[PDB]
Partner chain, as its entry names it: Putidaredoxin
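Only one chain is shown below, in structure tokens, and it's the form deposited without the partner chain.
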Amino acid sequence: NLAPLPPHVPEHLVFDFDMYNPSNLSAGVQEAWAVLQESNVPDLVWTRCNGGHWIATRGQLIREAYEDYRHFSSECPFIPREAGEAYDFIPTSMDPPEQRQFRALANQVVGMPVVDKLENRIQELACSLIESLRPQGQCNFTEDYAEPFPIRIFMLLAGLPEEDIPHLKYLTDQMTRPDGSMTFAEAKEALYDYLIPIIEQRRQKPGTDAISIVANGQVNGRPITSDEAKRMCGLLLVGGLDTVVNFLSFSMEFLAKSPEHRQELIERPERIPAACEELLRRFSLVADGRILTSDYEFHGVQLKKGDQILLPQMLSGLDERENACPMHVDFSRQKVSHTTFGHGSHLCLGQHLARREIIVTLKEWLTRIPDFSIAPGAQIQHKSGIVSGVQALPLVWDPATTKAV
């Protein structure tokens, strides 16, 4: 289903890429998206899929667009347009200077100091989850660790019941990797139906949880409104439940296939941080965009007001002009360049939390289960969207080779 080409779009700039169902998905999602960086593809193209929109395919252009909020606004960040229009999360759907005030508040609940205080809890949970799996000799990583570990940590930070995870997770996934079950607007309504009552209670009887902190926060000297708190908490929910969860699976899938990389981290622990950055570059998984506020000529191409442009954060680090042999994983890269956590005024605030969860997982897993692989006959399948992921990851290992700690 390709939409008719708009009058201002030159035919030689057309490349019908479907971000929700790319062609080479079987080869891996990152590989599927990297086709946009082949020599036969211009730096800026137009796809007729998903209603029609532009796509910047180079790190230089992606960074430029993200820095220039004057021309590329966050008002409508999701594709298709219907999704971008229904999108109203704070502070991502706002442009500076308005954005700044809310960003400062959000930083209060997921910023560095919060991570520092939750460190011991993150470590305890990781160790507890791994030790319980260790003797089994097998697991479905996605549902046995990748989901429980980060989500439980977030539910703890937000003060929400673990029983609500299945419900919340489903709604979250519909927003980033649309199933077709429901429209973005409906998924958002449902999520808000859940939050409204909670925020109400937290306003009257505040707690120390992130939601209580957001609901009673102050912005621009005055107090935050119920609506503003609802829209910010909606964002925190999606970020906590559908980001680290998917990234861990990509990384573990790779480590399961590369004994040499596992050994490297086991023998030279001082390399884990560097390795984390490289994995964040190679397995980048986010791709959202902006909307043109007015007619604008960008790198020789004429963009029209209202035109939507996808600026794949995942492509910057895969761009060969930024990283030599981009598909190769090299923990000793002199320079790891990427925009996995974003670029510009909307740089990810939860990246400190994410890095902590990734590093702890790598260290604690390889300590107890240094040897593992993908189950024979299992076919790992990736899924594409605003946030890409792994359908399932069956792992196997010999318990006799594990180490209780």
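Residue numbers count along the first chain shown, from 1.
If you look for the form solved in complex with the partner chain, you will not find it shown, but the lines that follow are about it.
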Pick from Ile196, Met112, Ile266, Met182: which residue has any heavy atom within 4.5 angstroms of the partner chain in the entry with it bound? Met112
One residue of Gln351, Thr47, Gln37, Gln30 in contact with the partner chain, assessed in the entry with it bound (non-hydrogen atom, 4.5 angstroms): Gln351
Hey, in the entry with it bound, does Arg58 get a heavy atom within 4.5 angstroms of the partner chain? no
So, in the entry with it bound, is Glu67 in contact with the partner chain at a 4.5 angstroms heavy atom limit? yes
Could you tell me if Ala104 has a non-hydrogen atom within 4.5 Å of the partner chain in the entry with it bound? yes
Any of the heavy atoms of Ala375 lying within 4.5 Å of the partner chain in the entry with it bound? no
Pick from 339-347, 376-384, 358-366, 39-47: which stretch has non-hydrogen atoms within 4.5 Å of the partner chain in the entry with it bound? 339-347
